[PDB]
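As structure tokens, one chain now follows by itself in the form deposited in one PDB entry.
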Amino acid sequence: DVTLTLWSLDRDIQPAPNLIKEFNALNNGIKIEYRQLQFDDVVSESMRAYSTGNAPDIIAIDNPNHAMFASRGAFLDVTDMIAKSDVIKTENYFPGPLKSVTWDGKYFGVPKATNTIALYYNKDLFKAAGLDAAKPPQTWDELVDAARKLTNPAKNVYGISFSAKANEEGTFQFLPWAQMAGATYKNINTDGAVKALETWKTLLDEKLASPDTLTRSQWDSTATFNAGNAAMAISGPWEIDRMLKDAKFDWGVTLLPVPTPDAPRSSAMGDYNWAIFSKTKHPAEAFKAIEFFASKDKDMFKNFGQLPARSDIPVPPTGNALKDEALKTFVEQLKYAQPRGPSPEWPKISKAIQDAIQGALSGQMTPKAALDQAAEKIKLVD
């Protein structure tokens, strides 16, 4: 057999290792060996590996990181293999995910999935507080007010859970708030972005969210929602299948609340892209594996609760009411998602934002000073 290696952060029950097992069972002359990475290590491990001459054949890379690798020659130009493919067609893909694999008018990968974040809420805790579980918060003021009402330390409940972690997750979580208030990563110190960061400060200062928000992943924050220890959660569709299994309460999911009544909805475009490293000894076999993965996209939501990056295969209902309501909401929020970059310098942009978030939330800098500093750094690097 030709043996390929594939690196991804996907957990044992998430798509990649399971797709690999299905592929390997074909006995088609190709086998794939999987290595699970941690979110925080995907970029560092894989660029080091490429630089030292032992990158894997295939990686699932976070979409904002794609341009760094593509621009540095780390990824194989798959333009001609895509053109020849019947399985993979560029017209199948949403424009944002497709653009994220492009560099210099060439394709350097194939989107794996797409996502964004939305607001989960525990309807039983809403009801118990005297709130209307059919009318979740629509505005930031409503969200914060609900979070206050739902914060009940005597019952071990925070009003809300989210992530402000000093990694790409914190940036991914903050950008929607800044963007809804009229900012972008290119202009992250507008008065609206300051208001967004002041609002985060309110959530932490008033103990509406755990202090661990500063250091905890989206996944680990949402585990507290699933356990009934946070009444609301801001997270992605990757939570759905686990939430269905673990959350022992009625819940819903709605669009991210907006800063003023009828202000624009906005969020960041999430999820990963398949890529082949440029010095693979097996470009055809690696591309065949990616074709196989793409061929299974139609079953991604029902099997894993993740969303394809594709307009050709609108996701059908599963038949589970909670899951299908989640689908409707994430499909709607996705319409407002904006790409991070493309930028080969995305990590430096993101680090600037992460540091602003931490500086403001710890009280070391005012939100204004924190974001002014970030904007100055970004102006240089971007």
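Basically, rigid core = biggest C-alpha set you can superpose within 1.5 Å across the two forms. Just count from 1 along the sequence shown to find any residue number.
Same protein, other form: the form deposited in another entry, not shown, and the subject of what follows.
- Residue showing a CA shift of 2 Å or more between the shown form and the other one (rigid core superposed; candidates 206, 124, 80, 145): 80.
- If you fit the rigid core between the shown form and the other one, you'll see the Cα of residue 108 move by 2 angstroms or more.
- Once both forms are fitted on their rigid core, the CA atom of residue 336 lies less than 2 Å apart between the shown form and the other one.
- Relative to the superposed core, residue 33 undergoes a Cα shift of 2 Å or more between the shown form and the other one.
- Between this form and the other one, the CA-CA gap for residue 56 and residue 166 widens by 3 Å or more, being larger in the other entry.
- Between residue 166 and residue 43, the Cα spacing is larger in the other entry than in the shown form, differing by no less than 3 Å.
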